[PDB]
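Descriptive analysis of the structure
If you want the building blocks of each chain, they are given just below.
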There are 4 protein chains.
Amino acid sequence: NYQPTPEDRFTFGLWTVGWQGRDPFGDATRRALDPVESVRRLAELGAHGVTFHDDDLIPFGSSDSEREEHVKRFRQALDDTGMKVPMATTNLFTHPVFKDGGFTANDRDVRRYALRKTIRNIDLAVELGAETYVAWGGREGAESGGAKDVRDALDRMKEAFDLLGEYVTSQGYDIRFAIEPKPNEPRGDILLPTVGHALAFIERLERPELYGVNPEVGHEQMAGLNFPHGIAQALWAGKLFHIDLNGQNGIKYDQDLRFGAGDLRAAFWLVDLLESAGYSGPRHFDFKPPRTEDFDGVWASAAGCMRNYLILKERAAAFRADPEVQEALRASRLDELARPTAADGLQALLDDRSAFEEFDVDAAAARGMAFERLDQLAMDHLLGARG
Amino acid sequence: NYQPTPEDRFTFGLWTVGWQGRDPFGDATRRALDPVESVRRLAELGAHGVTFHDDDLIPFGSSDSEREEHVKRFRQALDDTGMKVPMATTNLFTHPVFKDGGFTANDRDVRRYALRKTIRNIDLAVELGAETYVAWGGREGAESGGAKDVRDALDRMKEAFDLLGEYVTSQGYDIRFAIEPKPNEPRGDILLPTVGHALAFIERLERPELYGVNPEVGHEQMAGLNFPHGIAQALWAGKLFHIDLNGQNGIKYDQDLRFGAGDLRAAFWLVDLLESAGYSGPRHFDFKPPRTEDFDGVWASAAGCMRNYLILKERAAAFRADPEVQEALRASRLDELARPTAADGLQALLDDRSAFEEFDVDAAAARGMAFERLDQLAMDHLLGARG
Amino acid sequence: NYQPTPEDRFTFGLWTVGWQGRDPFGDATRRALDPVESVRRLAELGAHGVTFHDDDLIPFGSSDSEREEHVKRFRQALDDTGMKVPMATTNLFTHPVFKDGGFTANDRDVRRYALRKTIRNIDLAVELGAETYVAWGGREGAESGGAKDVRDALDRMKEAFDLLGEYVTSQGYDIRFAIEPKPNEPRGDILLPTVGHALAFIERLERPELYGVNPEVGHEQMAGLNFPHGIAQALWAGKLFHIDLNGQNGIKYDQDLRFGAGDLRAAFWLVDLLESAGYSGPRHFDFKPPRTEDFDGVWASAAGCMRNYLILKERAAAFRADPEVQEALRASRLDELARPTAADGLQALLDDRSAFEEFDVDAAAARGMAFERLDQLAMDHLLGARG
Amino acid sequence: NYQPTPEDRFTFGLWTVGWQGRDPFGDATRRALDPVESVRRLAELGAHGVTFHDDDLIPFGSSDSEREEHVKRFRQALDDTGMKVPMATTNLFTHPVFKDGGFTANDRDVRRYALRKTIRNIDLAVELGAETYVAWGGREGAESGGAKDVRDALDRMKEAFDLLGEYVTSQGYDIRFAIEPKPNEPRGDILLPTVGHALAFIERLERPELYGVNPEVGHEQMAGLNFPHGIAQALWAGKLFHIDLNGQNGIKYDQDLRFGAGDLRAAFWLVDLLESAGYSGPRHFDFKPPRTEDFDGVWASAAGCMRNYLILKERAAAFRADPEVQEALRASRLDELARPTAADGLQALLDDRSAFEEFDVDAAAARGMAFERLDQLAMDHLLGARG
Ligand SMILES: OC[C@H]1O[C@H](O)[C@H](O)[C@@H](O)[C@@H]1O
Ligand SMILES: OC[C@H]1O[C@H](O)[C@H](O)[C@@H](O)[C@@H]1O
Ligand SMILES: OC[C@H]1O[C@H](O)[C@H](O)[C@@H](O)[C@@H]1O
Ligand SMILES: OC[C@H]1O[C@H](O)[C@H](O)[C@@H](O)[C@@H]1O
Ligand SMILES: [Mn+2]
Ligand SMILES: [Mn+2]
Ligand SMILES: [Mn+2]
Ligand SMILES: [Mn+2]
Ligand SMILES: [Mn+2]
Ligand SMILES: [Mn+2]
Ligand SMILES: [Mn+2]
Ligand SMILES: [Mn+2]
């Protein structure tokens, strides 16, 4: 009955289940959680681990002794439960000093501060065992055209990521970076707005091998993009270092519904791809239990994330294992798509009359793709309606 | 009075002014144009040049002698007018054989055919003087999840572009490639859906220096993205080889309004960026005169493309030259955004107490960005309402 | 195994399965169907009926004898199969004369012509047994602000619908009208763009009781609206005269995927509502088998429409019948939402201190809605994963 | 130089300039304003008036004496400045008790409380001279399908508005209601999501003449709708009681940019319509100075709202007064759109052979609409580029 265990690698941000329900139009509807209680409740549901921003774990402004006690208690809860911390990140968005950005703030002093605040937390992340360090440039961008020269901003972004790569290399840390795209919100337009923009940017860094992406289901959907396509491109590039799983209903504010909510068919095709490709990172949920909910509803929502992943994984596996689907996939020439177009080489292609002068374009045109039949087999699998 | 001349480098696709007004719900409202007449009418309006798909210039299915006559007449009109042909491209979308794609069709034979059809037209393009060869993968993608393994598809896309780079290198041609993104339409989701995805893909090709992007105003807007931001990223990467200028009202079907229509402020910020960055390629319009229009309306629409570019160029130049705007730009710290964050290096940043231990975060936070004032100066410039 | 029969009331437009696959960027990929063959193939799949535009059944420009023969053959196929014709409509979009609209064309002569063309087809529709006559104002609107004074246009729309109501009343026909909204495409913005706009407009007609809506799943989704919410408002108003069922992936061009594709959860909640409310009209599919498909794929796609409706109907029924869901619905106070807020009346509400002066707002606030648990029960039902 | 004065009727919400800059991802960047200071600063900029939610003017939880002092001080500032209060509204969204709605909360007690809280503020609004009372059902809706039966919810909405109409009638108040649509945010989908849905709903209330709409530029744009079209429909219905003016860049979170920002051409066509139709209500701004800004930037942003309205009003007036535009409007048959289609009546239309049997559809089809030329005249006017 789709019961998660820690071997499923399901992780949650402290800020997910810990969200107090403050939105732009309303006050908190739940009390703050102690991170220790979250670790414990998550462990009991079958989670593998948690993730954190610096400021989720240690209140902004903490003294050294406060900080040490917060980490001690957190460490104890990890030890008490067997929970891991596979990823951490910096809060470069909440404090008003970040109003125009961290790494790409117009104020140089803010940019230096952002870097120092990040580096401090990289050390903690390594201490707690994290393998991935996420950057989410939520304040990087603009509401107006004159406010942000984007080429200068990208020069500053590159400089910041380059410094961080220098830093981790200097300490001999194994931790890698993952850039999390989001196209807008809270800035009118955010820099590196999609998986593609982040991938492209990475290839200009000094040490590109240190940086991948942390794509979020809802964020690519906020641009109307196909999330499984973006993930496939990321996998193709060898850069799917981490993922954020959740739900989103179309192009609107960032909803952060529980995974499986939102675009259910996209969630099926995502799980199909992750499993087929052998993604081996954390199955991380970045979701907000709706503010309608009390604490019991919080845990139900979190449980549903993991349940939905496990149901979808079962249905996708059944799909790809069904001989009738295997025959449909052949009928639709998915096998041919996987073959080289011209392993014979350029000159042979140019000399091949069956590729042009004698290619019967009408007979090719007339051959149906059989994609609808294929897709209804997939529907029938997803819904458990195989006849 | 904003009169274009050929030195402004304004170009038009044959298929733009030549669009007969057939849409998915209706028949043509205008007769087909002879390319010769289009060259002549465009020249008379002050255009620099035209662009073409193979099948715009030579009807699909033409005999060798037909083809030779079509090119002869076209060449004569170019010679008669002084018009250039800076760019060409392949029609890999109209014929039913391309229903599942060209380069990423599931049918291998179709993929080979697509390559041969492209290579034939590369030779013609070079003969007519083109410097850029555009690819627009409009049929590459899917309506359903099972129909297209995207990693295999990207393997096939890479293979196709690699073969084309091999081909041009083999002939000693100077022509370069530009990939034109579009996120959807006519496929439910199109591969390389944005400028970012195309940039990232390019970095995996064998000879990345041969490939840039041809971003279109309306296409990035179809994903709700900020077109001037995308162009800036493209410029940052050194990959703005060509551009398509037009208008689009938000996230909907591809409207291809005349340039300046649609998102007028985005058009102002685009022209500001292109001019500030010194983009020196063609100012190419990919637009559709609405099907409401007759031939006189066609030419009025095309004239308006060039007029709007020239008005915006004047207003943007006035903006950046106004000492009052220069002072506002300083007040908003755009000068600081252009300075390195830490030219002193990593260790100096780590040892700089003013970056962290003694950084007054509240005083920084309290400093307004003054972006609204800046933006109203920009509004006042755009509208010619300076007091 | 979810086999449809005619008692399920599933209907298809001739133009759905008959779509030849011409899109704005490509030629037809299938031959034209004879309406007789469509009736027969649909009947064999378990359909109840078909619908038509005038010009689907009788080619535009037909002679009286041609017209009579087309109708004869169609009638014979209906008689041969037991198929019905519950709805008909006018093509006021394809011919170039409708380029600026039918009923709201700027040219008065076009507007009169649109009315005459509609009235002719109303007579045929009644002859073939239709109970609903759909209007889809696809050409009514604008690409630019100056082209269409919308108040004058709505005066013309009202005039046209009023004349049609006069006409049907004059003939003693029982047929009613249903306005089908679409927000854009093929016009940049279409008048009466949503269910709400159409409902509101209807209340200004001379005989509002003669007019309802024909909402389409994909069209409301093209504005990012919640289709089941729109249907509920339509049901609330007593105006759900007919429906178009299909799928759509977000805000983009009108995709017309088979029903169940697109937003699968919205399709579940739609079927839940239609069945719960006792909608008794046709379950009509307005879909396009993708142009990738051959004729076999056409019929598979159409079969899948009906299959998906039947699977969803089963899952929704199981949901609402499950005692555990009934208890969750109580826990979430859906029973209370159905009770009057103040059946005691205004003065009693004003005098009720428990409504204000002594209302414990914090205790109310603290009561979780339990909506996540409810929603995962719904997920588990939809997926057939009840434990 | 486009200097506003109180005769321009420009109004601002206390919550607009008073927004402290808290967003879902960050803390306030400005201190709270005293409403008295806002009245004074707004008056100095040339505003006519302010608007308020109950809880903007009197802190939630105030004692009777606190309340009396808050109103006293506010009244004094109004008297000191000559500012008016043309509109007021209720906060039925901030307090956690409204997490599932006010008027359509599932909890009946919450619904009664919402009504009492509204009625209390109606009395204050009348005391301060307001002519319009706005309802914005921001918490009315759902994130999941099972949580909200929408027909029951609309029964509750109708009941609430009916009670409020009973109340104002009982007191002999002249104040009227205006429903402000928003399609989503903070609920996943909000009930009455557009101008159309609100118009339609109004026609089912007991006393429909008491209720109009308060459409907001950005909210209709959040559904990709054409705001000037929606306003025209509202004007057509006689229901434009009040308006919210601001800017929005497409389909995304509710940005509330200063008026003129966002979609500049839509702002031009809006002002053209409001002025042409003789809208005589407040020109009310519901905007958020971006959180990047300090207090000086707040006032600059607010000034820019009024400036942009005045520039657009000048350009639109020049457009409609230009004899060359008047001739273009005739060329495009806008004069004909304003004439009745068939003032001769139904039988005469049926007997008119020039409407059908002898209508030359090809000659009509061939007549260009000349809309592009018209639209470039409008562009040239907007930009001050008339040659
Ligand atoms: O980077 C970690 C997280 O930071 C913030 O909480 C963002 O809203 C979220 O999307 C991101 O995944
Ligand atoms: O690639 C050349 C052109 O091909 C097609 O006409 C596309 O619709 C267009 O966007 C593109 O710019
Ligand atoms: O009105 C009947 C039909 O006409 C057209 O085919 C439209 O594209 C479709 O949505 C509509 O349902
Ligand atoms: O109803 C008054 C106002 O309430 C809230 O502040 C809303 O966010 C806003 O759009 C609305 O106009
Ligand atoms: Mn998110
Ligand atoms: Mn995230
Ligand atoms: Mn385009
Ligand atoms: Mn293009
Ligand atoms: Mn449709
Ligand atoms: Mn339809
Ligand atoms: Mn708003
Ligand atoms: Mn508002």
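Described in the following lines is the structure provided in the data block. (Residues numbered from 1 in each chain as written, not as in the entry; some residues may be left out. Chains lettered and ligands numbered in written order. Heavy atoms only, no water.)

1. Description of the coordination of the manganese ion (ligand 10)
All names here are of chain C. Every protein donor of the manganese ion (ligand 10) is listed here as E180 (OE), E216 (OE), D244 (OD) and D286 (OD), and their distances to the metal cover 2.1 to 2.2 Å. Coordination at the manganese ion (ligand 10) comes from six donor atoms whose angles at the metal span 76 to 167 degrees, giving a geometry best classed as octahedral. In the primary sequence, the donor residues of the manganese ion (ligand 10) line up as E-x35-E-x27-D-x41-D. Between the manganese ion (ligand 10) and the manganese ion (ligand 9), a spacing of 4.5 Å is present, and a bridge between the two is formed by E216. In this pair, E180 sits in the loop between strand 6 (176-179) and strand 7 (189-190) while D286 sits in the loop between strand 10 (283-285) and helix 11 (295-321), placing the two residues 106 residues apart along the sequence. Grouping residues by exposure puts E180 and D286 together as buried. (Donors = N, O, S within 2.8 Å, 3.2 Å for Na, K, Ca; no water. Tetrahedral: all angles 85-135°; square planar, octahedral: opposite > 155°, others 65-115°. Helix = DSSP H or I, 4+ residues; strand = E, 2+ residues; numbered from the N terminus. Buried < 20%, exposed > 50% of the residue type's maximum accessible area, 1.4 Å probe, protein only.)

2. Considerations on the relation of the copies chain A and chain D
The two copies are related by a screw operation: chain A maps onto chain D through 180 degrees of rotation and 0.0 Å of translation along the axis, at an RMSD of 0.0 Å. Classification of the inter-copy transformation places it as that of a two-fold axis. Comparing contact sets, 100% of the residues at the interface of chain A also lie at the interface in chain D, consistent with an isologous, same-surface contact. (Least-squares fit on C-alpha atoms. Contact = heavy atoms within 4.5 Å.)

3. Here's the deal with the site of ligand 2
All residues adjacent to ligand 2 are B:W15, B:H53, B:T89, B:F93, B:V134, B:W136, B:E180, B:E216, B:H219, B:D244, B:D286 and C:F25. Of the chains in the model, those with residues near ligand 2 are chains B and C. Contacts to ligand 2 include B:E180, whose side-chain N or O atom sits 2.5 Å from an oxygen atom. The side chain of B:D244 places a nitrogen or oxygen atom 2.8 Å from an oxygen atom of ligand 2. For ligand 2, the protein covers 95% of the area, taking 310 Å² as the surface of the free molecule. Partitioning the shell around ligand 2 into residue classes produces five nonpolar, three polar and four charged. (Near = heavy atom within 4 Å. Polar contact = N/O pair within 3.5 Å; in protein donor to acceptor, adjacent residues only side chain to side chain. Areas by Shrake-Rupley, 256 points an atom, 1.4 Å probe, with all protein chains shown as cover. Nonpolar A, V, L, I, M, F, W, Y, C, P; charged D, E, K, R; others polar.)

4. Brief notes about the relation of the copies chain B and chain A
For the pair chain B and chain A, the relating rotation is 180 degrees, the translation along its axis is 0.0 Å, and the fit reaches an RMSD of 0.0 Å. Here 100% of the interface residues in chain B have copies in chain A that are interface residues too; the copies meet face to matching face.

5. Considerations on helix 7 (residues 195-202) of chain A
Residue and element names in this part refer to chain A. Of all the eight residues making up helix 7, eight are buried; the element is thus mostly covered by neighbouring parts of the structure. What helix 7 keeps buried is the set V195, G196, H197, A198, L199, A200, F201 and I202. If you check the start of helix 7, you find a side-chain oxygen 3.1 Å away from the backbone N of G196, and it comes from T194.

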